[PDB]
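Reviewing the structure listed below.
Just so we're on the same page: letters track the sequence lines, and every chain starts at 1. The analysis underlying the following values was restricted to heavy atoms, covering all of them including side chains, and did not include hydrogens, waters or symmetry mates.
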Amino acid sequence: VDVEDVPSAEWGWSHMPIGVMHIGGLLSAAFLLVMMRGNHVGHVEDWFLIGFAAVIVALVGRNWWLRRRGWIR
Amino acid sequence: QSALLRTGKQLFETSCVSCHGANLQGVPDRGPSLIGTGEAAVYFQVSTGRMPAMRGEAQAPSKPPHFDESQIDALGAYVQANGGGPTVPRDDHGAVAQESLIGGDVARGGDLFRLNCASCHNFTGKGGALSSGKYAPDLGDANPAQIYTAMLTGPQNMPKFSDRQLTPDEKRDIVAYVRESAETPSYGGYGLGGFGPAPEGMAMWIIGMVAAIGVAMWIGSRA
Amino acid sequence: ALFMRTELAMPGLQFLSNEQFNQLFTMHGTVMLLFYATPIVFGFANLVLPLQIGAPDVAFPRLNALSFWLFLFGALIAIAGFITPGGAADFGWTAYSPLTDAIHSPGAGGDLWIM
Amino acid sequence: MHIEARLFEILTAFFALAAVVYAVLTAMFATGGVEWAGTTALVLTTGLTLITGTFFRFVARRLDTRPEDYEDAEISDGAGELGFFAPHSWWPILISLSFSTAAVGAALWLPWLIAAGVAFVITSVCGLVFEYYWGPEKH
Amino acid sequence: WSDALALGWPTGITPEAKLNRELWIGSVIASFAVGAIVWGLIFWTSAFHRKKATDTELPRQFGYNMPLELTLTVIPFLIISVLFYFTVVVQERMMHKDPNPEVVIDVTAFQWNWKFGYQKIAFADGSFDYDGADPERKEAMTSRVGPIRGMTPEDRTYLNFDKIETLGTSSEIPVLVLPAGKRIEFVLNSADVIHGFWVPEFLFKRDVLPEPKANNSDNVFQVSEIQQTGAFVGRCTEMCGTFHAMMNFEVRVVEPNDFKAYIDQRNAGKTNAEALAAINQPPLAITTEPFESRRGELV
Amino acid sequence: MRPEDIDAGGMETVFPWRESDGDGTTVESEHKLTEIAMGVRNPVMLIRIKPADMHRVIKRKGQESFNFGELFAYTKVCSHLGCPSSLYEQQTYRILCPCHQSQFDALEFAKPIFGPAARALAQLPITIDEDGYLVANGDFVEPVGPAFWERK
Amino acid sequence: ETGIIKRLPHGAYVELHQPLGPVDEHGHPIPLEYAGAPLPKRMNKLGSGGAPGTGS
Amino acid sequence: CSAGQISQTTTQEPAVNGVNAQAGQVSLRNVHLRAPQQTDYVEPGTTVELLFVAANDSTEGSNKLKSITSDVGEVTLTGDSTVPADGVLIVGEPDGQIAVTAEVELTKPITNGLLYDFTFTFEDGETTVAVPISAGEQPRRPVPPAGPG
Ligand SMILES: CCCCCCCCCCCCCCCC(=O)OC[C@H]1O[C@H](O[C@@H]2[C@H](O)[C@@H](O)[C@H](O)[C@@H](O[C@H]3O[C@H](CO)[C@@H](O)[C@H](O)[C@@H]3O)[C@@H]2OP(=O)(O)OC[C@@H](COC(=O)CCCCCCCC[C@H](C)CCCCCCCC)OC(=O)CCCCCCCCCCCCCCC)[C@@H](O)[C@@H](O)[C@@H]1O
Ligand SMILES: CCCCCCCCCCCCCCCC(=O)OC[C@H]1O[C@H](O[C@@H]2[C@H](O)[C@@H](O)[C@H](O)[C@@H](O[C@H]3O[C@H](CO)[C@@H](O)[C@H](O)[C@@H]3O)[C@@H]2OP(=O)(O)OC[C@@H](COC(=O)CCCCCCCC[C@H](C)CCCCCCCC)OC(=O)CCCCCCCCCCCCCCC)[C@@H](O)[C@@H](O)[C@@H]1O
Ligand SMILES: CC(C)=CCC/C(C)=C/CC/C(C)=C/CC/C(C)=C/CC/C(C)=C\CC/C(C)=C/CC/C(C)=C/CC/C(C)=C/CC/C(C)=C/CC1=C(C)C(=O)c2ccccc2C1=O
Ligand SMILES: CCCCCCCCCCCCCCCC(=O)O[C@H](COC(=O)CCCCCCC[C@@H](C)CCCCCCCCC)COP(=O)(O)O[C@H]1[C@H](O)[C@H](O)[C@@H](O)[C@@H](O)[C@@H]1O
Ligand code: HEC
Ligand code: HEC
Ligand SMILES: CCCCCCCCCCCCC
Ligand code: FES
Ligand SMILES: [Ca+2]
Ligand SMILES: [Cu+2]
Ligand SMILES: [Cu+2]
């Protein structure tokens, strides 16, 4: 990172690669979706899992698209 | 007594019919039949204020009673006349029994409570969570007759304990244990709620560790 | 309000119960009156009133910040009735007595609403 | 600051008249006589405006005209230091979290949580009140 | 047309209701006239004072017209004074109570059904007297030091009990049976929380309170007569809990001789439905039907 | 124990007892009864289903005759990690384990419906003898308690 | 930031600052370099409050 | 989420030993057999008692009970088996009840724990119930003392 983005960039670990966070988000979403497999008989929680996974996938996709298009760095 | 029966019906008609029916048969998806539940069920449900219920959810709560003792007797007599069932124990003067329900063997009562009761109510009747919005409540406010009739009638999701499964002397031992484990002081300081590790770990973090870190800050320096 | 209005589109209870509907108008009125309109008065005042009188600041800046955080956390306390099993307050935003007493509204939603 | 006092005095006149009229009109030809809740509320609303108006009126007759009370004051009349205005603080959110802890404790009737919340409130309010008064650390 | 201007108000079935409806129509016309004036003034300036393409200077900067300011505080004061006068007249007529009603009904609301009792009948022509009070059951409620003036909160003595009573059920809508042409008095008491006694064709409602006297509520109101026979819905109009929407009732208005026959049948041990069938009426409510006790369509 | 000793909606813990185990007056009887009480796969929950709910009972294959009418017997040992899973909700017919919140459907052969448990609770076959006392009608047809590498 | 607001003769509002190092001829501080150490943010923590007065 | 249309409290059944049944327009509540037992069975030739409460859902007309049959024996109805306009008909005096009766003369043995089919026939409605045996408020019978083993 540049010091304009992280002022103490030369004092410590200041950069995490974006691929790590994108892949971690996708894997976390997939893990939310795999907990639909279980013994539970209700589906309220299935909808909560689907919604949280959808929000995560949308955030990852927005970030990836905006980095590709150059709007954020 | 015919007067007691007409007072009970009169009280029942403007408080219980919407959910239980004019003939005590139940209103579907609103409230069950009361035929054969008995005076003991009425005593438990009304003296602890659970009845009349106010809405449908996971569990109907206890709350201040809507009726006094004679009105509770009248309602219980009216329900008893329709199907019979168990009754609330009485004393010589015909009052609801309280002190004579305290059994003499509290060690047997504790062993019985731990086998039959502590799974849902905890080691010392502090309450415990049940499946989905339900819970076995704290036992510290029930009087002896309420404990006795709670075992006798099996309220909401509490198992029903018949007088053949738990004889009256066993029930009296259990009520003695329940009452004495509610009235005994803590011996090692403030009891911290009686749940054990969770409030003890809360007390370490918010009292002991906060004190230790504050003392360290006082002794040490900043920057 | 959209849930209430959808349930009122047709006769019969299509997806709500009575209890949930009562919670819905109670909390819709509570949220719109006390968590949207009343604090947004002070949102507008914070935006422009010091400018309109030619001041650099309000009289008590930390008290101002405290007022905002009290708004936010009080509103969250009242709305959290919906995460209990019984649900939120269902006795109307006006909270008439004795419907609100412990005998007639026993749930924790009503007490969370009050505090 | 005579207009500031006048505003509250005018409100006071209306509130006192309304309180007297309501008490007299409910005592006569109203079921039960005096309606005590509304009468009490009107009397003490009158008291509220009276306290503030009397304070403003006493303050006004002490100090002579301020530049904001002067019809043709110049901007340069107001030159100088205004006072202290706190530049930043994270103590307000701590105070509100503490008070909300005590409130959740009172809602669910958990006396230990109420005790913890009251202790949190006292600590947070001390933190706010002392923030600009703690001296340097001593070693 | 009086129906379009009434805005959905029922025509009414009592003289008091008709007077209230006339006040409603007149007030609606006044408010529509004021609204038309103000809306027209808004539309006029929005249509004809918009910025043109050929104005370079700013408009005339007027900000004070004192005679107009004073003139626009007097006119609304006059309109509200007229409305206040007629309001007072009509509420005095509607709340008026005669010392000799011809039917006295006890209305008992509870969560969440109705009970109607026949307290007293005294026909004005001497053709029907009946004393229905049952004071041998009001005394059975006495609960007794007590938190409130020596009484526990379970005292319930303020409630009224009668020999002929129609009790509502979750499977039977309660039907109150009344004679046409007679002065009816309603005495309202609640068993628990506040309910609402609204018959829309009465064009009137009142709240039904627990312990009204201790709350300084006048729980008694009369209609001078009901001017036509028929069946009229009544609804609860004070939020009372879970089944506030599902505790309706019906008023069946019959001819006086049929009312006498109905009361004789009830005194002979008949229930409400069979006593209604005995006077050639539908036995159940016909404006409303009971709600399904299933909690909804997903059950 | 006799079948009429339990009401519909009741649940009792039962233990495997033999005539030869005795009443615990002698030393040897006392040791035998201590071994009964301390056996980790011993305790059994006996429930009595409400007769109105018997049409909702689903039987497990191989266990269709394990109930004596409306009396059912399951192991009280939780199949997840061995805690006594004994929080018996009579209206929902749900068996709740206090340790890690597994829930078993008593009407559907104690099949898990919530929590970390993947396996049903073992059913004890029960009947009565000539005197009318409840007795076991054989053994469990599967191992009881927590699972292990060697199982099934 | 000392928290003291001042109105200039032309109507500007400025907050008084306490520099942690040398200043300009204009009076603004020379910017200092971060050294990995905490920075004071309250004037009372720099001694501005003084001391009450010796005694019990 | 617990206060929706599927509610846990509102579908709860009575915590009693008898059974509910819908016979057309009649509600049969707390139906059970009284049959004190000594051994594994109650033998044929014993007379046991069938108890219930019949509630008239309708409030306009009346109703009457006919022909209770079963494959455990024969049922004799004694008393006025008519259930009134909006009233009840108590058949038998249950355990704690301080005269329509249903007497069952047994032909095959019965035992506490199992369910037995009975067919109720009203002049409008007729259904089969599967009735249990309920020891009511009777005490626990003594068990012979076990020896030492
Ligand atoms: C808000 C933002 C989104 C858009 C705006 C609004 C969206 C929300 C709209 C949802 C509407 C739901 C219905 C409302 C009414 C209600 O109250 O419910 C009805 C009934 O329902 C249940 O009955 C089912 C039947 O009606 C009964 O017929 C049946 O018998 C019963 O059967 C069960 O039970 C039996 C035993 O009884 C068993 O035999 C049987 O097998 C079974 O188990 C049924 O139950 P069951 O299927 O369990 O649950 C299912 C219920 C239960 O309600 C519910 O919707 C559950 C609640 C869902 C909550 C959604 C969470 C959203 C995620 C977060 C936003 C993520 C974080 C992001 C935040 C910020 C992000 C910014 C950084 O319906 C549904 O899910 C409806 C389906 C659709 C839901 C919507 C999902 C949308 C998300 C997907 C897209 C992602 C977002 C996009 C991102 C870019 C029982 O409960 C009843 O009492 C109850 O009455
Ligand atoms: C470095 C220092 C370290 C040392 C610290 C020491 C502090 C502790 C005190 C010292 C001990 C005293 C000496 C001997 C002990 C003693 O003499 O003791 C008496 C008895 O005492 C309790 O009897 C209560 C009644 O007297 C009985 O009548 C009743 O029966 C009993 O009932 C229980 O038992 C029943 C079964 O019958 C159940 O029915 C029932 O439900 C319940 O369980 C009662 O117990 P209980 O309610 O537990 O406590 C209630 C306490 C009240 O709470 C407490 O003070 C507990 C405080 C410590 C807990 C700390 C928790 C921290 C929480 C976290 C911070 C969470 C927040 C963080 C997240 C925030 C999120 C935001 C992001 O009473 C009160 O004073 C209430 C009024 C006011 C309280 C104030 C007292 C002191 C502190 C005040 C603080 C300042 C302001 C005032 C507050 C209002 C029981 O123990 C009994 O065994 C015991 O016998
Ligand atoms: C994984 C998991 C368990 C999930 C559940 C998490 C969850 C939803 C918890 C919150 C539960 C609550 C607070 C319910 C009501 C709804 C509600 C008000 C929610 C919050 C709304 C909100 C965010 C806005 C308001 C502002 C705000 C942040 C509120 C403060 C919330 C506070 C302070 C609540 C405490 C949170 C919490 C879970 C604390 C646990 C405390 C513990 C573990 C203590 C143990 C303990 C106990 C339990 C005793 O009984 C006891 C008895 C006697 C002495 C001591 C103790 C004791 O310490
Ligand atoms: C430590 C916090 C961690 C936060 C991480 C963020 C993750 C949030 C995920 C949200 C949770 C969604 C999963 C819930 C899916 C699920 O299973 O639950 C349902 C119940 O829905 C609900 O309530 C939804 C509740 C969601 C609440 C939102 C979560 C935020 C909380 C934690 C805020 C805390 C703040 C911190 C406090 C202190 C510190 C300060 C920060 C139904 O169960 P049940 O109960 O069986 O209902 C039966 C019927 O169905 C059936 O008809 C019939 O009526 C009955 O059978 C009924 O029982
Ligand atoms: C609807 C909101 C109700 C009102 C009003 C009353 N009761 Fe109720 N009751 C209702 C339900 C849904 C249930 C079942 C679950 C529960 O909460 O226990 C009950 C239960 C009872 C019982 C227990 C029956 C048993 O099986 O032994 C009794 C004795 C009882 N109710 C009596 C009762 C009385 C006397 C009421 C008037 C004061 C009353 N109930 C009101 C629903 C509702
Ligand atoms: C879980 C399945 C339980 C077991 C085992 C026992 N109890 Fe219980 N109990 C349980 C619940 C869910 C409830 C609340 C029911 C209600 O209708 O609201 C109860 C209630 C009681 C009470 C009444 C408490 C009161 O509020 O004061 C008592 C006295 C009580 N339970 C005692 C008790 C005893 C002695 C038990 C062993 C025989 C026992 N319960 C078992 C849940 C469960
Ligand atoms: C059945 C006739 C209906 C007549 C409706 C009258 C229209 C009301 C005017 C609406 C108000 C405009 C602002
Ligand atoms: S031991 Fe039963 S859930 Fe873990
Ligand atoms: Ca609808
Ligand atoms: Cu109502
Ligand atoms: Cu209502």
task = Measure distances from H:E13 to the heavy atoms of chain B and classify the residue's part below 4.5 Å as side chain, backbone, both or neither.
result = backbone

Chain B contact via H:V53 - which portion, at a heavy-atom distance below 4.5 Å = side chain

Distance check, rounded to the nearest 0.5 Å: [X] atom [atom1] versus [Y] atom [atom2]?
{"X": "H:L28", "Y": "B:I35", "atom1": "CG", "atom2": "CD1", "answer": "11.5 Å"}
{"X": "H:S2", "Y": "B:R55", "atom1": "OG", "atom2": "CZ", "answer": "10.5 Å"}
{"X": "B:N23", "Y": "H:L89", "atom1": "CG", "atom2": "CG", "answer": "11.0 Å"}
{"X": "H:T9", "Y": "B:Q59", "atom1": "OG1", "atom2": "CD", "answer": "9.5 Å"}
{"X": "B:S162", "Y": "H:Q138", "atom1": "OG", "atom2": "CD", "answer": "12.0 Å"}

Could you tell me which of [options] has the largest number of non-hydrogen atom pairs under 4.5 Å with chain H?
{"options": "B:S132, B:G31, B:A60", "result": "B:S132"}
{"options": "B:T167, B:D163, B:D29", "result": "B:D29"}
{"options": "B:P86, B:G21, B:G154", "result": "B:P86"}
{"options": "B:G83, B:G26, B:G85", "result": "B:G85"}

Quick check: are there more than 12 heavy atoms from other residues, nucleotides or ligands sitting under 6.0 Å from [atom1] of [X]?
{"X": "H:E74", "atom1": "CD", "result": "no"}
{"X": "B:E183", "atom1": "CD", "result": "yes"}
{"X": "B:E69", "atom1": "CD", "result": "no"}
{"X": "H:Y41", "atom1": "OH", "result": "no"}
{"X": "H:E105", "atom1": "CD", "result": "no"}
{"X": "H:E93", "atom1": "CD", "result": "no"}

query = Non-hydrogen atoms of chain H under 4.5 Å away: do they reach the side chain of B:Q165, the backbone, both or neither?
reply = backbone

request  = Could you look at B:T87 and say if it's the side chain, the backbone, both or neither that has a heavy atom under 4.5 Å from chain H?
outcome  = neither

Examine distances only and state if a side-chain atom of [X] and a backbone atom of [Y] form a donor-acceptor pair shorter than 3.5 Å.
{"X": "B:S33", "Y": "H:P14", "answer": "no"}
{"X": "B:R30", "Y": "H:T10", "answer": "no"}
{"X": "H:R29", "Y": "B:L24", "answer": "no"}

message = If you compare all heavy atoms of B:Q25 against all heavy atoms of H:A55, which two are closest, and at what distance to 0.1 Å?
response = CB-CB, 4.1 Å

Nearest heavy atoms of H:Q97 and B:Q80, plus distance in Å = OE1-O, 2.8 Å

message = With chain B as the partner, which of H:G87, H:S27, H:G4, H:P139 has the greatest number of non-hydrogen pairs under 4.5 Å?
response = H:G87

ask   = Do you know which of H:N56, H:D86, H:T11 has the most heavy-atom pairs under 4.5 Å to chain B?
value = H:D86

task = Please report the C-alpha distance between B:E170 and H:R140 in whole Å, then the side-chain angles of each, then the deciding distance to 0.1 Å, and finally whether the salt bridge (charged side-chain N to carboxylate O under 4.0 Å, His left out) criterion is met.
result = CA-CA 12 Å; B:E170 301 181 284; H:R140 183 207 291 177; 3.1 Å; yes

query = Is there side-chain contact between B:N157 and H:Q12, with heavy atoms separated by less than 4.5 Å?
reply = yes

request  = Report yes if the side chains of H:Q8 and B:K134 come closer than 4.5 Å at any heavy-atom pair, otherwise no.
outcome  = yes

